[PDB]
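# Results of the structural survey
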Amino acid sequence: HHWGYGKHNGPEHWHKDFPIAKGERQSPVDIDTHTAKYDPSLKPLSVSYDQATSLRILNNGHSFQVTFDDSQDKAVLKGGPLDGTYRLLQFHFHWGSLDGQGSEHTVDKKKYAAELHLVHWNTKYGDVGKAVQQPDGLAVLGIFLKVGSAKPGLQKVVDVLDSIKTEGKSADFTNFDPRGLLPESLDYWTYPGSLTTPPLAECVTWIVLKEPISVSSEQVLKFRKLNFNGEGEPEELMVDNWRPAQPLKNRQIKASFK
Ligand SMILES: O=C(CCCCCCC(=O)Nc1ccccc1)NO
Ligand SMILES: [Zn+2]
């Protein structure tokens, strides 16, 4: 029926509605660290989040997202492999039912407990809907989460999840600073790929940071209390909302570091 992460509607079914699922630049991928090539040409990345304006937090039935005002150049990503300016629209997470799975990208086949995606769109296309129709329309910053010490900058998110438990719920989420989600190092791998949910459009320059952030067990347990269902339907925990690694095909993953 409609897509999701279950046995009957999960990633192995998506190609019937979205044939690009078997396309030439699908995401996520396994990052083989010994095959990625250091690219001395890659320009230094620029994450400019000081004027970011968060708006709302939303359970969309597949993840939860924090949305930003992207009607002006307030929070932008530039540099790295990117040409031009990419505006932050929203961030969301993918996570597991257990700490050994949950990420979408893997590193030498290792799965992390979760993966944060900070979604940005190329301002030369004017709006996100036009950007998703372009091969360089989006830039997604991917950040792995491992379980250990708490991430203080994540706590304001986790504390409001009770208020968006089920699909369709949203809440006001102003003055949230996404800089509190970033690791120390901006070393990264990059490759051309796609959205990891339907419609799987092949419009993303992926920038995946090498350094994970640590979150606590209590923080990730609160992610796993969300529901895929809407208020009143059989309760199905929102866990394992990740797509597995797809074939690399004719792509090379580049590293910003030696
Ligand atoms: O695919 C991903 C990462 C990138 C997600 C892109 C979502 C962009 C968004 O919020 N707006 C949008 C999406 C599709 C079509 C039009 C707008 N994770 O699953
Ligand atoms: Zn995502």
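As recorded in the entry header, the structure was determined using X-ray crystallography to a resolution of 1.40 Å.

## A few points about the pairing of strand β7 (residues 86-95)
Among the 10 residues in β7, 10 count as buried, and that is most of the element. Note that strand β5 (residues 64-68) and β7 share three bridges and pair antiparallel. Note on β7: the bridge partner recorded for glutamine 65 is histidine 92. Where strand β6 (residues 76-80) lies against β7, two bridges are found, and the strand directions are antiparallel. Bridge pairing in β7 links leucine 77 to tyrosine 86. Remark: five residues form the turn of the hairpin made by β6 and β7, two consecutive strands paired antiparallel; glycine 84 in that turn has positive phi of roughly 95°.

## Considering the coordination of the zinc ion (ligand 2)
Coordination of the zinc ion (ligand 2) by the protein involves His92 (NE2), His94 (NE2) and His117 (ND1), with metal-donor separations of 2.0 to 2.1 Å. For the zinc ion (ligand 2), the single-chain donor residues occur in sequence as H-x1-H-x22-H. Of the residues examined, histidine 92 reaches a relative accessible area of 13% and is grouped as buried.

## Notes on the site of ligand 1
Close contacts around ligand 1 come from 13 residues, with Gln90, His92, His94, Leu195 and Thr196 the closest. Between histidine 94 and ligand 1, the recorded distance is 3.3 Å, taken from a side-chain N or O atom to an oxygen atom. Against a free-state accessible area of 490 Å², the protein chains account for coverage of 78% of ligand 1. Mapped onto the shell around ligand 1, the elements with two or more residues apiece are β7, β9 (114-122) and β10 (138-147). For the shell around ligand 1, the leading source of residues is β7, giving four residues. Grouping the constituent residues of the shell around ligand 1 by class yields seven nonpolar, six polar and no charged.

## Looking at the environment of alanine 75
Position of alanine 75 relative to the elements: it lies in the loop between β5 and β6. For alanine 75, a relative accessible area of 6% corresponds to the buried category. For the pair formed by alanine 75 and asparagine 241, sequence separation is 166 residues and the distance between their alpha carbons is 27 Å. Contact partners of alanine 75, with chain neighbours within four places excluded, come to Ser48, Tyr49, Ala52, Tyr86, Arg87 and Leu88.

## Here we look at the UniProt feature "binding site: Zn(2+)" in the protein chain
Mapped onto the present numbering, the UniProt feature "binding site: Zn(2+)" falls at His92, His94 and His117. A compact arrangement is adopted by the annotated residues: their sequence extent is 26 residues, whereas the largest C-alpha distance between any two is 8.2 Å. Position of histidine 94 relative to the elements: it lies in strand β7. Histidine 94 sits in the buried class, given a relative accessible area of 3%. Once residues lying within four places of it in the same chain are set aside, the contact partners of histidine 94 are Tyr5, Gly102, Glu104, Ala113, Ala114, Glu115, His117, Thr196, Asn241 and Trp242. Inspection of the secondary structure assignment puts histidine 117 in strand β9. Discounting residues that sit within four places of it in the chain, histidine 117 has contacts with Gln90, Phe91, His92, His94, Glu104, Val140, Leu141, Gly142, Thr196 and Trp206.

## Overview of unusual backbone geometry
Of note, the amide linkage connecting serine 27 to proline 28 takes the cis form, showing an omega dihedral of 0°. In this fold, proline 28 is placed in the loop between α1 (14-17) and β1 (30-31). Omega for the peptide link from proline 198 to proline 199 comes to 15°, which places this bond in the cis form. Looking at the secondary structure, you find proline 199 in the loop between β12 (188-193) and β13 (204-209). Positive phi, normally seen in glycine, also occurs at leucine 200, with a value near 65°. Residue placement: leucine 200 occurs in the loop between β12 and β13. Unlike most non-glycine residues, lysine 249 shows phi in positive territory, near 60°. A relative accessible area of 38% places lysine 249 in the partly exposed class.

## Comments concerning the side chain of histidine 120
Checked against the element boundaries, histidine 120 lands in strand β9. When its relative accessible area of 0% is taken as the criterion, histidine 120 is described as buried. A polar side-chain atom of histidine 120 sits 3.0 Å from the main-chain carbonyl oxygen of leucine 118.

Cut-offs used in this document
- Residues numbered from 1 in each chain as written, not as in the entry; some residues may be left out.
- Chains lettered and ligands numbered in written order.
- Heavy atoms only, no water.
- Buried < 20%, exposed > 50% of the residue type's maximum accessible area, 1.4 Å probe, protein only.
- Helix = DSSP H or I, 4+ residues; strand = E, 2+ residues; numbered from the N terminus.
- Pairing = 2+ DSSP bridges.
- Donors = N, O, S within 2.8 Å, 3.2 Å for Na, K, Ca; no water.
- Near = heavy atom within 4 Å.
- Polar contact = N/O pair within 3.5 Å; in protein donor to acceptor, adjacent residues only side chain to side chain.
- Areas by Shrake-Rupley, 256 points an atom, 1.4 Å probe, with all protein chains shown as cover.
- Nonpolar A, V, L, I, M, F, W, Y, C, P; charged D, E, K, R; others polar.
- Contact = heavy atoms within 4.5 Å.
- UniProt positions renumbered as here; feature names shortened; annotations may be inferred.

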